[PDB]
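Inspection log for the structure reproduced underneath, given as structure tokens.
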Amino acid sequence: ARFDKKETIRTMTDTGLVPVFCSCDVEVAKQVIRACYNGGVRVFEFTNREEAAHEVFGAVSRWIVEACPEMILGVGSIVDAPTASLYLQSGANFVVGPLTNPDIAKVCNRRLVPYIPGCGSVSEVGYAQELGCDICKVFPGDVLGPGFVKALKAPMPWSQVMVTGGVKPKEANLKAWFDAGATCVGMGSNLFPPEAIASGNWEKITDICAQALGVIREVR
């Protein structure tokens with residue numbers, strides 16, 4: 001359907017896992033979303049990386065209302081404000097990017113749509129917060145590491161961080177990030193082995209998602 005900022009933040013916080021998938025093929029995207037939904041995933045991020053990716057997103061967005069009615073769909077890899085506006089027109093419930101662009105914050109704030117900008121320093125986290133961003137994306141996480149989140153959260157306990165990059169659906173990796181204070185994690189390649197997609201092994205996608213979500217749940 002369409003979910004307001006309150007539900008999106010809460011659902012992201014509670015599940016703690018945001019799959020990150022390409023906008024390649026509409027039919028492949030539907031299957032990945034179906035497999036993730038069955039695994040318990042309720043927030044899903046499409047990336048704006050292929051040509052006319054917003055057209056794939058629009059098709060999936062209209063289909064997902066009946067197919068996976070509790071899935072909250074959002075867009076990632078956004079670096080400019082007009083493209084963020086375009087996906088808001090297409091039904092995006094949250095906007096994520098690898099960097100921070102204040103113009104995007106302005107356009108997202110105008111519709112109370114959560115903007116999750118990429119941050120790579122404690123100052124960048126703070127400026128994003130000043131812009132009204134409730135969740136900041138620590139990116140790339142493998143570069144900054146769990147210690148970055150732990151160090152930031154001590155003087156800035158209000159901070160809520162999504163970690164993306166270098167997160168794995170393994171218990172030792174997930175424990176490290178959530179013990180450090182992460183609110184949710186984003187994952188792409190590690191949630192969908194390219195082998196499993198190519199052969200249509202969707203139950204494998206469901207299982208990895210379920211297992212990762214289960215580890216997050218007992219960590220919390």
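Residues are referred to by chain and number: the chain letter is A, B, ... according to the order shown in the structure tokens, the number counts from 1 in that chain, and ligands are numbered separately from 1 in the order shown.
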Run DSSP on the backbone and tell me which residues of segment 5-138 of chain A come out as helix (DSSP H, G or I); list them as an MDAnalysis selection string. chainID A and resid 5:15 26:38 53:67 81:89 102:109 122:130
Based on DSSP run over this structure's backbone, return all residues of chain A in strand (DSSP E or B), as a ChimeraX atom specification. /A:17-21,43-47,72-76,95-96,115-116,118-119,135-138,160-164,184-187
Selection to disk with N, CA and C atoms, as an mmCIF file, in the first residue's frame:
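Output (result_33.cif):
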data_model
loop_
_atom_site.group_PDB
_atom_site.id
_atom_site.type_symbol
_atom_site.label_atom_id
_atom_site.label_comp_id
_atom_site.auth_asym_id
_atom_site.auth_seq_id
_atom_site.Cartn_x
_atom_site.Cartn_y
_atom_site.Cartn_z
ATOM 1 N N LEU A 17 16.736 -5.942 9.322
ATOM 2 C CA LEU A 17 17.388 -6.400 8.104
ATOM 3 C C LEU A 17 16.710 -5.764 6.901
ATOM 4 N N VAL A 18 17.500 -5.124 6.050
ATOM 5 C CA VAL A 18 17.010 -4.491 4.835
ATOM 6 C C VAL A 18 17.751 -5.095 3.651
ATOM 7 N N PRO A 19 17.138 -6.041 2.940
ATOM 8 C CA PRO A 19 17.762 -6.559 1.720
ATOM 9 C C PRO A 19 17.911 -5.461 0.679
ATOM 10 N N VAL A 20 19.009 -5.532 -0.066
ATOM 11 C CA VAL A 20 19.363 -4.537 -1.070
ATOM 12 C C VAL A 20 19.485 -5.262 -2.402
ATOM 13 N N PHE A 21 18.571 -4.975 -3.328
ATOM 14 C CA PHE A 21 18.533 -5.717 -4.579
ATOM 15 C C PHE A 21 18.423 -4.781 -5.777
ATOM 16 N N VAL A 43 10.962 -4.955 5.033
ATOM 17 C CA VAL A 43 11.487 -3.740 4.420
ATOM 18 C C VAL A 43 12.465 -4.152 3.330
ATOM 19 N N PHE A 44 12.306 -3.582 2.136
ATOM 20 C CA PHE A 44 13.069 -4.008 0.970
ATOM 21 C C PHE A 44 13.532 -2.791 0.184
ATOM 22 N N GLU A 45 14.824 -2.746 -0.132
ATOM 23 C CA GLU A 45 15.436 -1.604 -0.801
ATOM 24 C C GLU A 45 15.820 -1.979 -2.226
ATOM 25 N N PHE A 46 15.212 -1.300 -3.195
ATOM 26 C CA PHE A 46 15.621 -1.385 -4.589
ATOM 27 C C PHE A 46 16.682 -0.329 -4.870
ATOM 28 N N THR A 47 17.692 -0.694 -5.652
ATOM 29 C CA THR A 47 18.747 0.250 -5.996
ATOM 30 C C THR A 47 18.502 0.873 -7.364
ATOM 31 N N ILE A 72 7.372 -3.177 2.937
ATOM 32 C CA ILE A 72 7.619 -1.746 2.815
ATOM 33 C C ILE A 72 8.770 -1.558 1.836
ATOM 34 N N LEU A 73 8.471 -0.961 0.688
ATOM 35 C CA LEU A 73 9.413 -0.815 -0.410
ATOM 36 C C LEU A 73 10.073 0.558 -0.372
ATOM 37 N N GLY A 74 11.389 0.585 -0.593
ATOM 38 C CA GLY A 74 12.130 1.826 -0.684
ATOM 39 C C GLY A 74 13.186 1.743 -1.768
ATOM 40 N N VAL A 75 13.885 2.860 -1.969
ATOM 41 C CA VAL A 75 14.870 2.978 -3.037
ATOM 42 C C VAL A 75 16.217 3.390 -2.452
ATOM 43 N N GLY A 76 17.292 2.939 -3.105
ATOM 44 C CA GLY A 76 18.641 3.264 -2.690
ATOM 45 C C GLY A 76 19.480 3.765 -3.855
ATOM 46 N N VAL A 95 14.060 6.553 1.334
ATOM 47 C CA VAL A 95 15.077 6.867 0.339
ATOM 48 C C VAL A 95 16.443 6.730 0.992
ATOM 49 N N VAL A 96 17.306 5.932 0.376
ATOM 50 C CA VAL A 96 18.634 5.648 0.896
ATOM 51 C C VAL A 96 19.645 6.031 -0.173
ATOM 52 N N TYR A 115 14.568 9.710 5.016
ATOM 53 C CA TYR A 115 15.776 9.741 4.204
ATOM 54 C C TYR A 115 16.922 9.160 5.019
ATOM 55 N N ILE A 116 17.605 8.165 4.461
ATOM 56 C CA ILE A 116 18.676 7.479 5.178
ATOM 57 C C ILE A 116 19.984 7.697 4.426
ATOM 58 N N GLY A 118 24.015 8.096 3.415
ATOM 59 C CA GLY A 118 25.281 7.450 3.716
ATOM 60 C C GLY A 118 26.207 8.405 4.445
ATOM 61 N N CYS A 119 26.774 7.936 5.554
ATOM 62 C CA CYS A 119 27.694 8.710 6.372
ATOM 63 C C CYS A 119 28.954 7.891 6.616
ATOM 64 N N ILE A 135 17.503 7.858 10.813
ATOM 65 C CA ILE A 135 18.447 6.765 10.638
ATOM 66 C C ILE A 135 19.493 7.206 9.627
ATOM 67 N N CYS A 136 20.762 7.061 9.992
ATOM 68 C CA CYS A 136 21.875 7.330 9.097
ATOM 69 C C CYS A 136 22.496 6.012 8.661
ATOM 70 N N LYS A 137 22.930 5.960 7.407
ATOM 71 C CA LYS A 137 23.569 4.773 6.859
ATOM 72 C C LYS A 137 25.074 4.886 7.060
ATOM 73 N N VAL A 138 25.635 3.991 7.870
ATOM 74 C CA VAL A 138 27.083 3.908 8.035
ATOM 75 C C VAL A 138 27.627 3.117 6.851
ATOM 76 N N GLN A 160 20.658 6.452 15.512
ATOM 77 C CA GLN A 160 20.185 5.198 14.948
ATOM 78 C C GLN A 160 20.893 4.999 13.619
ATOM 79 N N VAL A 161 21.554 3.856 13.459
ATOM 80 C CA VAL A 161 22.426 3.628 12.314
ATOM 81 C C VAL A 161 22.000 2.363 11.586
ATOM 82 N N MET A 162 21.881 2.471 10.267
ATOM 83 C CA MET A 162 21.825 1.328 9.372
ATOM 84 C C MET A 162 23.233 1.075 8.851
ATOM 85 N N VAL A 163 23.715 -0.155 8.986
ATOM 86 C CA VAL A 163 25.048 -0.511 8.516
ATOM 87 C C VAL A 163 24.916 -1.275 7.208
ATOM 88 N N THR A 164 25.676 -0.851 6.202
ATOM 89 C CA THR A 164 25.638 -1.459 4.880
ATOM 90 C C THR A 164 27.064 -1.591 4.373
ATOM 91 N N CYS A 184 19.729 -1.529 12.300
ATOM 92 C CA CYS A 184 19.426 -2.468 11.234
ATOM 93 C C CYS A 184 20.661 -2.590 10.355
ATOM 94 N N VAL A 185 20.659 -3.600 9.490
ATOM 95 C CA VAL A 185 21.754 -3.809 8.554
ATOM 96 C C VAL A 185 21.176 -3.998 7.161
ATOM 97 N N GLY A 186 21.928 -3.547 6.165
ATOM 98 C CA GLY A 186 21.589 -3.751 4.764
ATOM 99 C C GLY A 186 22.540 -4.759 4.145
ATOM 100 N N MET A 187 21.996 -5.635 3.302
ATOM 101 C CA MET A 187 22.790 -6.674 2.661
ATOM 102 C C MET A 187 22.277 -6.911 1.250
#
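With distances restricted to only C-alpha atoms, A:140 is the closest residue to residue 121 of chain A from A:106, A:134, A:101, A:140.
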Neighbour list for residue 190 of chain A as a VMD selection string, cut-off 9 Å, only C-alpha atoms, skip fewer than 3 positions in-chain: chain A and resid 167 to 169 187 193 208
What would the file look like if the residues just selected were written as a CSV table (one decimal), in the first residue's frame with N, CA and C atoms?
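Once written, selection.csv looks like this:
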chain,number,residue,atom,x,y,z
A,167,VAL,N,28.6,-6.6,5.8
A,167,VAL,CA,27.7,-7.3,6.7
A,167,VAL,C,27.4,-8.6,6.1
A,168,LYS,N,27.4,-9.7,6.9
A,168,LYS,CA,27.2,-11.0,6.4
A,168,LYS,C,26.1,-11.7,7.2
A,169,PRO,N,25.3,-12.6,6.6
A,169,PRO,CA,24.2,-13.3,7.3
A,169,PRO,C,24.8,-14.4,8.2
A,187,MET,N,22.0,-5.6,3.3
A,187,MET,CA,22.8,-6.7,2.7
A,187,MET,C,22.3,-6.9,1.3
A,193,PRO,N,22.8,-15.3,-3.0
A,193,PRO,CA,23.9,-15.9,-3.8
A,193,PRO,C,23.5,-15.8,-5.3
A,208,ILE,N,18.0,-18.1,4.0
A,208,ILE,CA,19.0,-17.2,4.5
A,208,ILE,C,18.4,-16.0,5.2
Hey, what's within 12 Å of residue 197 of chain A if we count only C-alpha atoms and toss same-chain stuff fewer than 3 positions away? As number ranges by chain, please? A: 21, 25, 27-33, 35, 189-194, 200-206
Considering only C-alpha atoms, tabulate each residue of segment 104-174 of chain A that lies at most 12 Å from segment 91-94 of chain A along with its nearest interatomic pair and the corresponding distance in Å to one decimal; arrange the rows by chain and ascending residue number and present them as JSON lines.
{"residue": "A:104", "atom": "CA", "partner": "A:94", "partner_atom": "CA", "distance": 11.4}
{"residue": "A:105", "atom": "CA", "partner": "A:94", "partner_atom": "CA", "distance": 11.1}
{"residue": "A:107", "atom": "CA", "partner": "A:94", "partner_atom": "CA", "distance": 11.7}
{"residue": "A:108", "atom": "CA", "partner": "A:94", "partner_atom": "CA", "distance": 8.4}
{"residue": "A:109", "atom": "CA", "partner": "A:94", "partner_atom": "CA", "distance": 10.7}
{"residue": "A:111", "atom": "CA", "partner": "A:93", "partner_atom": "CA", "distance": 10.0}
{"residue": "A:112", "atom": "CA", "partner": "A:94", "partner_atom": "CA", "distance": 9.5}
{"residue": "A:113", "atom": "CA", "partner": "A:94", "partner_atom": "CA", "distance": 5.7}
{"residue": "A:114", "atom": "CA", "partner": "A:94", "partner_atom": "CA", "distance": 5.0}
{"residue": "A:115", "atom": "CA", "partner": "A:94", "partner_atom": "CA", "distance": 6.0}
{"residue": "A:116", "atom": "CA", "partner": "A:94", "partner_atom": "CA", "distance": 7.5}
{"residue": "A:117", "atom": "CA", "partner": "A:94", "partner_atom": "CA", "distance": 10.6}
{"residue": "A:133", "atom": "CA", "partner": "A:94", "partner_atom": "CA", "distance": 11.0}
{"residue": "A:134", "atom": "CA", "partner": "A:94", "partner_atom": "CA", "distance": 11.4}
{"residue": "A:135", "atom": "CA", "partner": "A:94", "partner_atom": "CA", "distance": 10.6}
Would you mind exporting the chosen residues as a PDB file, in the first residue's frame, restricted to N, CA, C and O atoms?
ATOM      1  N   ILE A 104      18.232  16.267  -0.968  1.00  0.00           N
ATOM      2  CA  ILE A 104      17.371  15.090  -0.862  1.00  0.00           C
ATOM      3  C   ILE A 104      16.588  15.127   0.443  1.00  0.00           C
ATOM      4  O   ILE A 104      15.384  14.845   0.472  1.00  0.00           O
ATOM      5  N   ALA A 105      17.264  15.474   1.542  1.00  0.00           N
ATOM      6  CA  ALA A 105      16.591  15.603   2.832  1.00  0.00           C
ATOM      7  C   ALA A 105      15.405  16.553   2.736  1.00  0.00           C
ATOM      8  O   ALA A 105      14.307  16.254   3.218  1.00  0.00           O
ATOM      9  N   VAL A 107      13.589  17.401   0.096  1.00  0.00           N
ATOM     10  CA  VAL A 107      12.502  16.834  -0.697  1.00  0.00           C
ATOM     11  C   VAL A 107      11.812  15.700   0.057  1.00  0.00           C
ATOM     12  O   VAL A 107      10.587  15.541  -0.017  1.00  0.00           O
ATOM     13  N   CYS A 108      12.579  14.894   0.797  1.00  0.00           N
ATOM     14  CA  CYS A 108      11.973  13.809   1.563  1.00  0.00           C
ATOM     15  C   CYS A 108      11.222  14.339   2.778  1.00  0.00           C
ATOM     16  O   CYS A 108      10.133  13.851   3.098  1.00  0.00           O
ATOM     17  N   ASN A 109      11.796  15.324   3.477  1.00  0.00           N
ATOM     18  CA  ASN A 109      11.116  15.911   4.628  1.00  0.00           C
ATOM     19  C   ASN A 109       9.774  16.511   4.232  1.00  0.00           C
ATOM     20  O   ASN A 109       8.818  16.466   5.015  1.00  0.00           O
ATOM     21  N   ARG A 111       7.517  15.413   2.468  1.00  0.00           N
ATOM     22  CA  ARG A 111       6.452  14.419   2.506  1.00  0.00           C
ATOM     23  C   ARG A 111       6.594  13.482   3.697  1.00  0.00           C
ATOM     24  O   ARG A 111       5.964  12.420   3.721  1.00  0.00           O
ATOM     25  N   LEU A 112       7.408  13.862   4.683  1.00  0.00           N
ATOM     26  CA  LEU A 112       7.670  13.043   5.866  1.00  0.00           C
ATOM     27  C   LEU A 112       8.057  11.617   5.475  1.00  0.00           C
ATOM     28  O   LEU A 112       7.633  10.640   6.096  1.00  0.00           O
ATOM     29  N   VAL A 113       8.855  11.500   4.424  1.00  0.00           N
ATOM     30  CA  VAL A 113       9.397  10.220   3.974  1.00  0.00           C
ATOM     31  C   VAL A 113      10.811  10.089   4.527  1.00  0.00           C
ATOM     32  O   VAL A 113      11.629  10.995   4.311  1.00  0.00           O
ATOM     33  N   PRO A 114      11.135   9.009   5.237  1.00  0.00           N
ATOM     34  CA  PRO A 114      12.459   8.905   5.869  1.00  0.00           C
ATOM     35  C   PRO A 114      13.573   8.846   4.834  1.00  0.00           C
ATOM     36  O   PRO A 114      13.529   8.049   3.894  1.00  0.00           O
ATOM     37  N   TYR A 115      14.568   9.710   5.016  1.00  0.00           N
ATOM     38  CA  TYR A 115      15.776   9.741   4.204  1.00  0.00           C
ATOM     39  C   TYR A 115      16.922   9.160   5.019  1.00  0.00           C
ATOM     40  O   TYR A 115      17.173   9.606   6.142  1.00  0.00           O
ATOM     41  N   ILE A 116      17.605   8.165   4.461  1.00  0.00           N
ATOM     42  CA  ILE A 116      18.676   7.479   5.178  1.00  0.00           C
ATOM     43  C   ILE A 116      19.984   7.697   4.426  1.00  0.00           C
ATOM     44  O   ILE A 116      20.352   6.892   3.556  1.00  0.00           O
ATOM     45  N   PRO A 117      20.713   8.766   4.727  1.00  0.00           N
ATOM     46  CA  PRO A 117      21.899   9.103   3.941  1.00  0.00           C
ATOM     47  C   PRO A 117      23.129   8.328   4.380  1.00  0.00           C
ATOM     48  O   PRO A 117      23.281   7.950   5.546  1.00  0.00           O
ATOM     49  N   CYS A 133      17.218  13.547   9.566  1.00  0.00           N
ATOM     50  CA  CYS A 133      17.311  12.116   9.309  1.00  0.00           C
ATOM     51  C   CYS A 133      17.322  11.353  10.630  1.00  0.00           C
ATOM     52  O   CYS A 133      18.170  11.603  11.493  1.00  0.00           O
ATOM     53  N   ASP A 134      16.379  10.424  10.786  1.00  0.00           N
ATOM     54  CA  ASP A 134      16.318   9.621  12.003  1.00  0.00           C
ATOM     55  C   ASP A 134      17.320   8.477  11.974  1.00  0.00           C
ATOM     56  O   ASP A 134      17.924   8.149  13.002  1.00  0.00           O
ATOM     57  N   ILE A 135      17.503   7.858  10.813  1.00  0.00           N
ATOM     58  CA  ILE A 135      18.447   6.765  10.638  1.00  0.00           C
ATOM     59  C   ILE A 135      19.493   7.206   9.627  1.00  0.00           C
ATOM     60  O   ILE A 135      19.149   7.678   8.538  1.00  0.00           O
TER      61      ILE A 135
END
Interatomic distance, atom CA of residue 219 of chain A to atom CA of residue 174 of chain A (Å, one decimal):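 Separating atom CA of residue 219 of chain A from atom CA of residue 174 of chain A is a distance of 8.5 Å.
Taking atom CA of residue 151 of chain A and atom CA of residue 180 of chain A as the two end points, the separation is 8.4 Å.
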Which of A:26, A:37, A:71, A:153 sits closest to residue 55 of chain A [using only C-alpha atoms]: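 For residue 55 of chain A, the nearest of the given residues is A:26.
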Between A:42, A:103, A:149, A:87, which one has atoms that come closest to residue 9 of chain A, using only C-alpha atoms?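 Checking each of A:42, A:103, A:149, A:87 against residue 9 of chain A, counting only C-alpha atoms, the winner is A:42.
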Quick one: residues within 7 Å of residue 23 of chain A, only C-alpha atoms, excluding same-chain residues fewer than 5 positions away - as a list in words?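 Once the nearby chain positions are removed, what remains is residues 46, 47, 48, 50, 53, 56 and 57 of chain A.
The spacing separating atom CA of residue 181 of chain A from atom CA of residue 213 of chain A amounts to 16.4 Å.
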Selected residue of minimal separation from residue 130 of chain A among A:78, A:159, A:211, A:39, counting only C-alpha atoms: A:159
